Chemist: 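I am attaching a structure below and will ask some questions about it afterwards.
Residue numbers start from 1 in every chain, and the chains themselves are labelled A, B, ... in the order their sequence lines are given, proteins ahead of strands. Counting starts at 1 for both ligands and their atoms, in listed order.
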Amino acid sequence: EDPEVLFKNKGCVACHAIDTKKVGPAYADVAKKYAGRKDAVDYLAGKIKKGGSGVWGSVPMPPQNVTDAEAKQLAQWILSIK
Amino acid sequence: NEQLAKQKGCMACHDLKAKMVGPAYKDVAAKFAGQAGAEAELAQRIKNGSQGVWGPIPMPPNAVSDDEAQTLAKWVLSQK
Ligand code: HEC
Ligand code: HEC
């Protein structure tokens, strides 16, 4: 049988995928961490624009080319992924 | 929104979804690259389960034949 087929029908698909995780946190995980956390939108908007490090690992997010309004919109969207 | 995130390059460094509990096959292929006996060792781990390699959660045995385990091992190690 083809491995792609076995990968699905023998349950491997419940626990494994092909591609590695990207360097930053998954947005679903960001949403979960900050749900109900007071000031999450403004906190995250600040991090998106300014960059930062140390919350999820030692790899930094560089400062991002977004307006304050865009940073807030992006924070709000990320927090909705739940 | 999602479209703004894509345009701004955010998705280069961020996935929408969390990782699965086990390691990604492209990472397994890279880890075993240039290791003697990789194919046979991986077939055994797929069949019999394994632990302590990637994290604290073991992989249980899988109900695969010897031939199926070898096929899967070779396919995993080829993911480039
Ligand atoms: C494009 C404008 C975006 C948006 C909307 C976000 N990012 Fe990143 N990001 C990266 C890394 C390595 C981290 C972890 C930093 C740490 O450990 O502290 C992050 C983190 C985030 C967060 C969470 C911030 C927090 O303090 O919890 C959020 C909301 C976020 N990002 C949004 C890495 C990168 C990149 C790598 C080159 C790029 C590009 C971006 N991020 C871009 C964006
Ligand atoms: C179905 C037949 C498959 C196949 C082809 C593979 N798995 Fe898993 N797997 C899981 C976990 C948690 C690990 C890591 C355990 C540890 O930390 O030691 C693994 C590991 C593997 C590997 C890599 C082996 C290595 O030593 O590097 C490979 C190639 C692999 N798996 C293939 C978790 C799960 C599952 C969770 C319940 C299930 C189901 C499977 N794996 C099934 C399969």
Side-chain angles (χ1 to χ4, degrees), chain A residues 1 3-18 21-34 37 40-41 43-67 70-79 81, chain B residues 1-2 4-16 19-33 35 38-39 41-65 68-79:
Chain A
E1 186 55 274
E4 283 90 354
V5 175
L6 293 168
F7 163 62
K8 294 176 184 164
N9 73 26
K10 290 289 184 170
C12 322
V13 73
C15 300
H16 292 280
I18 297 285
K21 179 188 166 292
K22 292 173 176 174
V23 295
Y27 289 158
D29 290 330
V30 176
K32 177 159 45 78
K33 177 174 178 75
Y34 294 101
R37 285 200 185 180
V41 170
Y43 166 78
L44 289 180
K47 291 293 166 180
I48 293 163
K49 181 153 178 158
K50 293 175 177 197
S53 198
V55 176
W56 299 87
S58 63
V59 179
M61 180 163 45
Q64 296 296 309
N65 176 38
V66 292
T67 64
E70 289 166 343
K72 176 169 179 179
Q73 187 192 147
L74 287 160
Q76 289 173 308
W77 168 67
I78 291 166
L79 289 165
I81 300 171
Chain B
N1 63 40
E2 184 178 35
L4 175 62
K6 280 178 193 177
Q7 198 289 308
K8 284 291 183 180
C10 309
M11 307 318 285
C13 296
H14 292 280
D15 302 299
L16 291 176
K19 182 188 169 291
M20 314 285 279
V21 70
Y25 289 154
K26 282 174 174 171
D27 292 335
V28 178
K31 174 189 160 270
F32 277 95
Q35 295 203 341
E39 293 179 5
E41 183 58 39
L42 203 48
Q44 289 301 114
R45 295 187 186 178
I46 292 165
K47 201 166 171 55
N48 298 326
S50 56
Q51 63 170 228
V53 180
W54 295 89
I57 299 170
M59 177 172 47
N62 295 287
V64 289
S65 68
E68 289 170 342
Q70 177 48 216
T71 299
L72 285 162
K74 176 149 54 67
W75 177 71
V76 169
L77 293 167
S78 80
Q79 299 307 129

Chemist: Side chains of residues 45-55 of chain A: which donor-acceptor partners sit under 3.5 Å, not counting sequence neighbours?
Modeler:
unit_1 : atom_1 : unit_2 : atom_2 : d
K49(A) : NZ     : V66(A) : O      : 3.2
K49(A) : NZ     : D68(A) : OD1    : 2.9
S53(A) : OG     : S58(A) : O      : 3.4

Chemist: Which atoms of ligand 2 are found less than 4.0 Å from any heavy atom of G11(A)?
Modeler: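 So the atoms of ligand 2 that pass are 39 (C).
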
Chemist: What residues form a side chain to side chain contact (heavy atoms under 4.5 Å, CB included) with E39(B), not counting sequence neighbours?
Modeler: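 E39(B) satisfies side chain to side chain contact (heavy atoms under 4.5 Å, CB included) with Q70(B), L77(B) once adjacent residues are dropped.
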
Chemist: Side chains of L16(B) and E2(B): does their closest heavy-atom pair fall under 4.5 Å?
Modeler: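 Side chain of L16(B) against side chain of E2(B), heavy atoms only: contact under 4.5 Å found.
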
Chemist: Anything protein N/O/S under 2.8 Å from atom 8 (Fe) of ligand 1? Just list residue and atom, please.
Modeler: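 As for protein N, O or S atoms lying under 2.8 Å from atom 8 (Fe) of ligand 1, they are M61(A) SD, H14(B) NE2.
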
Chemist: I want to check something: taking the side chain as every heavy atom from C-beta on, are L79(A) and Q76(A) in contact at a cut-off of under 4.5 Å?
Modeler: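 No, their side chains stay 4.5 Å or more apart.
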
Chemist: Of all the non-hydrogen atoms in the protein, which one sits nearest to atom 4 (C) of ligand 2, and at what distance?
Modeler: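 Going atom by atom, the protein heavy atom closest to atom 4 (C) of ligand 2 ends up being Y25(B) OH, 3.3 Å.
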
Chemist: Give the residue and atom name of whichever protein heavy atom lies nearest to atom 24 (C) of ligand 2, and the separation in Å to one decimal.
Modeler: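 The closest heavy atom on the protein side is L42(B) CD1, 3.6 Å.
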
Chemist: Looking at ligand 1, is there an atom of it that comes within less than 4.0 Å of some heavy atom belonging to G52(A)?
Modeler: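 Distance cut 4.0 Å: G52(A) passes for ligand 1.
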
Chemist: Looking at ligand 1, does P60(A) have a heavy atom less than 4.0 Å from it?
Modeler: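 True for this residue.
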
Chemist: Could you find the nearest protein heavy atom to atom 18 (O) of ligand 2 and give me its residue, atom name and distance?
Modeler: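 Answer, as residue, atom name and distance: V53(B) N, 2.9 Å.
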
Chemist: For atom 8 (Fe) of ligand 2, how many protein N, O or S atoms come closer than 2.8 Å?
Modeler: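 My tally for this metal is 2.
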
Chemist: Please confirm whether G55(B) approaches ligand 2 to less than 4.0 Å, judged on its heavy atoms.
Modeler: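 Contact check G55(B) vs ligand 2: positive.
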
